[PDB]
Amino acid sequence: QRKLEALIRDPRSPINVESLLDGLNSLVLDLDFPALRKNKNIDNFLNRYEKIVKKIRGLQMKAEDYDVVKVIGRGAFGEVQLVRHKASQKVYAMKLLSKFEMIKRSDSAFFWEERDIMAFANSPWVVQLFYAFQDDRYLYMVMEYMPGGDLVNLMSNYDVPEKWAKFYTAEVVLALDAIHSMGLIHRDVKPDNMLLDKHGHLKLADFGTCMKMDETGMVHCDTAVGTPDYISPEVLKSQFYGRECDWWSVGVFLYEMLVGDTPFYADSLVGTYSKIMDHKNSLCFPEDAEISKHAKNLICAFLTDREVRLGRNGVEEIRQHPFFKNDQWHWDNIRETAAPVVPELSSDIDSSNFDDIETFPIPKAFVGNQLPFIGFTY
């Protein structure tokens, strides 16, 4: 009874009010179809509740509460939209995940970690989640908007000098160190996921791939999850690794920022795959691109096999690398210092740093499509 009423209050709890209400809406959704409403039990339960449930539906946060400004992202299971909460006039970025496509495509469990990271990390390096809600169609994640854009954009609009690359690499390293210390492994670190704020400081997003480590600080996942150009060889070979798979992505990141291309870029999907697997022979810095001996050493320090990769022993071996020598910041204050690109913003809905961008079958027997999404509302 002690932990009972504590868990009804507790935001991390599966039996709090939002989850208890999720369970009721879900039950109503899943059952209200004449094909199933034939049943006396389904009918009397719907009779008693449909009127009240319809009333909560509107009393709770809806997609309807937001004016959809523009679409700033598009992923496997949905889109990211630039929105404004009608009542509060407050601007947020809202990520949408299609429930239909999460059932049709088998994967409908990644969002739990994604939500929890953003919701509770309370880290300058992690995009914050304010609200999480749902409807018959989607899963909605309301986040702190990042007007600075992503590092895909920054790279496309600039010739990135080593002074800038020093800063962004350092911010990514500390961001992944914060993710790691929460007992998490990103598995999908890439420029499309590195976002810039009002001040031009880095924050990570797309925590879908993320997995909780063992007591050993390792993960037993016999499936390759991530993006071609940035996947490490050990994760291609996984199809029992540590957090050093994220440092490999940092190597690729630095190489792309300096050279202008990814170090294993190929014509085909399997070509990149084969290039990565032969990194010892496929990786080479082009002559015309003037890369320092310190920048080359660090790309090479991460773009090796996991058994000798920099970071395998901790962040400290990364931090002390000669490449990070500068007259602008320290590992203890980068975020307090002025970023290389400070974004000029015309408005609170300025989306200039971002590029321009399903019907469930009515059942005849109980399916329970809403059940895997009970507890999502935060």
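Heads up, when I say rigid core I mean the largest set of C-alphas that superpose within 1.5 Å between the two forms. Residues carry their position along the shown sequence, with the first being 1.
Superposing on the core and measuring CA offsets in 7 other deposited structures of this protein, the stretch of 268-276 and 295-303 with the greater mean deviation is 268-276.
Taking the rigid core as the alignment reference, the C-alpha atoms of 75-83 lie farther on average from the displayed form in 7 other deposited structures of this protein than those of the other stretch among 75-83 and 121-129. Of the other structures of this protein that model both sides of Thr223, a third or more give it no coordinates. According to the entry, the deposited sequence places 4 to 9 unmodelled residues between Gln239 and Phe240. A chain break between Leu21 and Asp22 is not present, all residues of the deposited sequence in that interval being modelled.
On average the C-alpha atoms of 135-143 have higher B-factors than those of the other stretch, with 169-177 and 135-143 being the two compared.
Per-stretch averaging of Cα B factors for 196-204 and 215-223 places 215-223 on top. Out of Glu336, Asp350, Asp32, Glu317, it is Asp32 whose C-alpha atom has the highest B-factor in the PDB entry. Each of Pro191, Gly251, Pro228, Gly148 has a CA temperature factor in the record; the biggest one is found at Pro228. Ranked by C-alpha B-factor against the other modelled residues of its chain, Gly271 falls in the highest third.
Compared with the other modelled residues of the chain, the Cα B-factor recorded for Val152 ranks in the lowest third.
In this PDB entry, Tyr92 carries a Cα temperature factor that places it within the lowest third of its chain's modelled residues.
Among the modelled residues of the chain, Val127 sits in the lowest third by CA temperature factor in this PDB entry. In the PDB entry, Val53 places in the highest third of its chain by CA B-factor.
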